[PDB]
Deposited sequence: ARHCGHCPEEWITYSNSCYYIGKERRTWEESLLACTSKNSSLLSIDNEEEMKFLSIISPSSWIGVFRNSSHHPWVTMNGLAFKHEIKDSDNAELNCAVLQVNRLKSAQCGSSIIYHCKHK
């Protein structure tokens, strides 16, 4: 029962970042706090190519991107403007099969975590 030291015991390495494919559905804020508790951050998306890879491994996940309301711009948890386009009362982002979807923040949805 051995593992790559850089990541924890049940996580995966991919491109200089660890991943937890979560398998428990949670609210957006519940996912965020869930990941931070595990000493990392809710799924962030860097490239379009990461996205395609992540779409092989799991169909749906919250990503760390949000709005206060219908129109202020989409914001990351690093405090930046989210430069990838994302598709009523939907103020939190979710990655669902190689697309960025708007979703109601109170929906229970699968969440992944990712390391810098």
* Since the structure holds only modelled residues, which stretches of the deposited sequence does it leave out? -> 88 to 91
